[PDB]
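Participant: following this: a sequence and the matching experimental structure.
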Amino acid sequence: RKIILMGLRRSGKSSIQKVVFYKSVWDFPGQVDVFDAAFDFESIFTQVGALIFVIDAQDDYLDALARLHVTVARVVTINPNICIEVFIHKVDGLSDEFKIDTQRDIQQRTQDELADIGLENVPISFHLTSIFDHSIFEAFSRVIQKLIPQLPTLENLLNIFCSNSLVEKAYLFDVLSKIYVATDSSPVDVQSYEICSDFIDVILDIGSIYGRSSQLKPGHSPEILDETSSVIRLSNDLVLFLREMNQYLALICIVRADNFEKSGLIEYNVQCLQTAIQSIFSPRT
Amino acid sequence: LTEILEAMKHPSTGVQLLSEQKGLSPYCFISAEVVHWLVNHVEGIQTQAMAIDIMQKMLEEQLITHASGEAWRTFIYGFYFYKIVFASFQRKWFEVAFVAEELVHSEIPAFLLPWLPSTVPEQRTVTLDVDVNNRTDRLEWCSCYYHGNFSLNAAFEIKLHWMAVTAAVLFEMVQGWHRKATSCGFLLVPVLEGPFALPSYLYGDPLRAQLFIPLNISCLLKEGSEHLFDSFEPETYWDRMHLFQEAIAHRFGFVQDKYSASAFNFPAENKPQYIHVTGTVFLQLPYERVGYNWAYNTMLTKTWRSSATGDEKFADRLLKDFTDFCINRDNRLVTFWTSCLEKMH
Ligand SMILES: Nc1nc2c(ncn2[C@@H]2O[C@H](COP(=O)(O)OP(=O)(O)O)[C@@H](O)[C@H]2O)c(=O)[nH]1
């Protein structure tokens, strides 16, 4: 399945793919929409499960809302299993009072015209994104969580792992895109998410500097390498640690240093969660 | 007759009869939709007048009746509830008649014609259940005063009077009305109620006064005349001038605002009012110093603004262009007026 980033001109889609994708995501342009027959829209929209519409908060959005409503009607008449999300963008220059009023105005303007159309069965989500923050990564993570059909199993696994091991917060990141596949039931703090995102940057950059011998051997590694595991202790009685789960996944957990004295039991539960994740994501019958 | 109602009661194509909404009888329908159906799928009538005659024949034979049981009325074209076989029904449901206004068949304008052309109430009242989402535990209600008639070249007025209403729930209901009006192709905006009233009046403001835009009708006069319509009879002449002035108001997008006078008789002391399509500008024709009375709609704020209302500087540009047109800048008005003479073939 693919992810289609819709919207209008000067909405911020190219900057989103510059930040997230450039460090299946497709960017349709702000013009030549579904009324035009320049592309086979019904063939693409059948294979696409996530539709994202980017709405500028500062600019006028009523024509954007009408284009969004006719695009929602088009994709519902194509397939009933598509997920629709609304990306309210360019909120870096806005104040704290402006964002809540803009979100309330956009949600009240959209969810009543959804009832006016009559397609009340489909769920439409709303996200506050900005390319200068990490909220675009969290919004794309919540988009990606809808497409994965294995989200409640991983979420229940992370819930019982956080309850058993006294782990405050857990994420299942993808290290290439800094997008977390699953997290626990506790809310995601932005101060936790920034240091969890930069933890991957420190690990990947130091492993790119010093992981030169073997590592990227063209034929095959003669010895199987260890998984990348890291531990950082901070001064505010908190410990961050990573364990490499798969070839593209990792598990960053936030644990108090009072509870990190029994780090062997947390390591054993991380190994059991590694076995669970590698058995879930393996090909089966 | 009977087979027409049997064709109307078809479940497959039929007419869209109303559902089991609370307060409404079964087999209820809107009169406008079934008049539109009796235009198309019928035994051979075309215009609306004989469709109204057929529905009046069905009303006289008690095949259909009003949803209130008021079996004394004629068939009224518009949003009127009728069912297939008192005044408390009039205080619950909105019922707006439709004016079948004749189109301008004569290419000569109405201020240049050789001969001038020359039931339901004007205002209707319903009682509104303001709280519909049950946000408040108490009972809230307001009285709504609306126009009994609808015309496509006239503005439709809604007046709300309230005491026992929490104004947040009323603002939510008006915002839902504004969203529905934007989706339906209309524009529902708040307007001033007394925009040309004196400061001593009830609806007037002490710091508000109207601006005057003079209309230069001296340049439109011929060589040796003092009346613009001296070729016709003089007794209708000012009325012709009124129509001519209305024609210029129809060029700049002003719609006639038939305001209901609050118990005011003596119809020479109330003047016709015009409202722009954006709802930004009021316009009044006075009467002797032929021109326009210009007022701003200060009730139109940012939250009601859209693409159909323009920007915040639309009214200043409209004032500048209207002042330029009324003063005969670049011989624009003569370019209008002689073009009207080009309709006098
Ligand atoms: N300062 C700032 N600028 C932004 C933000 N989001 C988008 N922009 C700017 O808005 C422009 C939007 O372009 P875009 O719609 O993505 O181009 P398109 O994809 O080809 O239609 C970009 O060139 C950005 O420079 C933001 O959050 N902050």
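Facilitator: Right, received. Where do you want to start? Numbering: from 1, shown residues only, chains lettered A, B, ... in the order given.

Participant: so which bits of the host helix or strand of residue A:43 are buried?
Facilitator: In the assignment (DSSP states H and E), residue A:43 maps to helix A:41-46. Residues A:41, A:45 are the ones in helix A:41-46 that count as buried (16 or more other Cβ atoms under 10 Å in any protein chain shown). (C-beta placed from N, C-alpha, C; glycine too.)

Participant: what does the helix or strand just after that helix contact?
Facilitator: Next in sequence after helix A:41-46, counting helices and strands by DSSP H and E, comes strand A:48-56. Strand A:48-56 has contacts (Cβ atoms under 8 Å, 6 or more residues apart in numbering or on different chains) with A:1-8, A:10-13, A:16, A:45, A:61, A:64-65, A:68, A:71-72, A:75, A:81-90, A:106, A:129, A:143-144, A:146-147.

Participant: residue most distant from the centroid, chain A?
Facilitator: Taking Cα atoms, centre = their mean, the residue of chain A most remote from its mean C-alpha position is residue A:222, at 35.5 Å.

Participant: ditto for chain B
Facilitator: Distance from the C-alpha centroid of chain B, by Cα atoms, centre = their mean, peaks at residue B:224 (40.8 Å).

Participant: that one: what secondary structure?
Facilitator: Under DSSP: H, G, I helix; E, B strand; the rest coil, residue B:224 falls in the coil class.

Participant: how about the residues of chain A near the ligand?
Facilitator: A:9-15, A:27, A:30, A:89-90, A:92, A:130-132 (Cβ under 6 Å from any ligand atom).

Participant: the same query, at a cut-off of 8 Å, please.
Facilitator: A:7-17, A:27, A:29-30, A:54, A:89-93, A:129-132 (Cβ under 8 Å from any ligand atom).

Participant: of those, buried ones?
Facilitator: The neighbour count (16+ other Cβ under 10 Å) marks A:7-8, A:11-13, A:15-16, A:27, A:30, A:54, A:89-91, A:129-131 as buried among these.

Participant: tell me the contacts of residue B:314?
Facilitator: Neighbours of residue B:314 in contact, by Cβ under 8 Å, 6+ apart: B:278, B:280.

Participant: also residue A:214?
Facilitator: Residue A:214 neighbours (Cβ under 8 Å, 6+ apart): A:221, A:222, A:223, A:225.

Participant: now with 7 Å, please.
Facilitator: A:221, A:225 (Cβ atoms under 7 Å, 6 or more residues apart in numbering or on different chains).

Participant: mind checking the SS state of it?
Facilitator: coil.

Participant: and it, how far from the ligand?
Facilitator: 41 Å (Cβ to the nearest ligand atom, to the nearest Å).

Participant: residue A:55 too?
Facilitator: 11 Å.

Participant: that residue: neighbour count?
Facilitator: Using other Cβ atoms under 10 Å in any protein chain shown, residue A:55 has 26 other residues around it.

Participant: kindly report the same for residue B:188.
Facilitator: Using other Cβ under 10 Å: residue B:188 sits among 18 other residues.

Participant: what's near enough to touch it?
Facilitator: Residue B:188 touches B:177, B:178, B:181, counting by Cβ under 7 Å, 6+ apart.

Participant: where does the nearest residue to it once chain neighbours are set aside land in three-state SS?
Facilitator: Spatial nearest neighbour of residue B:188, chain neighbours left out: residue B:181 (3.8 Å); criterion: Cβ to Cβ, 6 or more residues apart in numbering or on different chains. Secondary structure assignment for residue B:181 (three-state DSSP): helix.

Participant: so where does the residue nearest to residue A:34 when sequence neighbours are not counted fall, helix or strand?
Facilitator: Once flanking residues are discounted, residue A:34 sits nearest to residue A:74: 4.6 Å by Cβ to Cβ, 6+ apart. Assessed by DSSP H and E, residue A:74 sits inside helix A:62-78.

Participant: show me what the helix or strand harbouring residue B:169 is in contact with.
Facilitator: Per DSSP H and E, residue B:169 falls inside helix B:167-183. For helix B:167-183, the surrounding residues in contact (Cβ under 7 Å, 6+ apart) are A:109, A:112-113, A:116, B:130-131, B:135-136, B:140, B:142, B:162, B:187-188, B:304, B:306.

Participant: run the last query once more with 10 Å
Facilitator: The contact list for helix B:167-183 (Cβ atoms under 10 Å, 6 or more residues apart in numbering or on different chains) reads A:62, A:66, A:69, A:105, A:108-109, A:112-113, A:116-117, B:128-136, B:140, B:142, B:156, B:158, B:160, B:162, B:165-166, B:186-190, B:303-304, B:306-308.

Participant: just the buried residues of those residues.
Facilitator: Buried among the contacts of helix B:167-183 by 16+ other Cβ under 10 Å: A:69, A:113, B:128, B:130-131, B:140, B:142, B:156, B:165, B:187-190, B:304.

Participant: mind putting those in a markdown table, distance to residue A:202 included?
Facilitator: Putting those into a markdown table (distance: Cβ to Cβ, whole Å) gives the following:
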| residue | distance to residue A:202 |
| --- | --- |
| A:69 | 44 |
| A:113 | 46 |
| B:128 | 63 |
| B:130 | 59 |
| B:131 | 56 |
| B:140 | 60 |
| B:142 | 63 |
| B:156 | 65 |
| B:165 | 60 |
| B:187 | 57 |
| B:188 | 57 |
| B:189 | 57 |
| B:190 | 57 |
| B:304 | 52 |
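
Participant: which one of those sits closest to the ligand?
Facilitator: residue A:69 (19.9 Å; Cβ to the nearest ligand atom).

Participant: residue of the stretch 51-200 of chain B closest to the ligand, please.
Facilitator: For the stretch 51-200 of chain B, Cβ to the nearest ligand atom, closest residue to the ligand: residue B:182, 25.4 Å.

Participant: now name the helix or strand holding residue A:198.
Facilitator: Here residue A:198 is assigned to helix A:190-210, by DSSP H and E.

Participant: show me the contact partners of that helix.
Facilitator: A:133-135, A:137-138, A:141, A:168-171, A:173-180, A:183, A:186, A:188-189, A:211, A:215-216, A:228-230, A:232, A:234, A:238, A:240-242, A:244, A:250, A:252-254.

Participant: ok, 7 Å please
Facilitator: A:134, A:137-138, A:169, A:171, A:173, A:175, A:178, A:228, A:230, A:232, A:240, A:242, A:252, A:254.

Participant: can you show me the helices along chain A?
Facilitator: A:13-16, A:41-46, A:62-78, A:96-117, A:135-147, A:151-165, A:190-210, A:263-280 (DSSP state H).

Participant: ignore the last one, the stretch 1-150 of chain B
Facilitator: Under the criterion DSSP state H, counting those that start in this stretch, the stretch 1-150 of chain B contains helices at B:2-8, B:31-40, B:48-60.

Participant: returning to what we had before: from the contact counts, what lies against the helix holding residue A:43?
Facilitator: helix A:62-78 (3 or more Cβ pairs under 7 Å, 6 or more residues apart in numbering or on different chains; DSSP states H and E).

Participant: to residue A:21, which of the helices of the stretch 1-150 of chain B lies closest?
Facilitator: helix B:31-40 (50.8 Å; Cβ to Cβ).

Participant: list the buried residues in that closest one.
Facilitator: For helix B:31-40, by 16+ other Cβ under 10 Å, it's B:31, B:32, B:34, B:35, B:37, B:38.

Participant: need the contact list for the fifth one.
Facilitator: If I follow you right, that is residue B:37. Per Cβ under 7 Å, 6+ apart, neighbours of residue B:37: residue B:15.

Participant: what do you get if the cut-off is 10 Å, keeping everything else the same?
Facilitator: B:7, B:8, B:13, B:14, B:15, B:16, B:29, B:51.

Participant: appreciated, that's everything.
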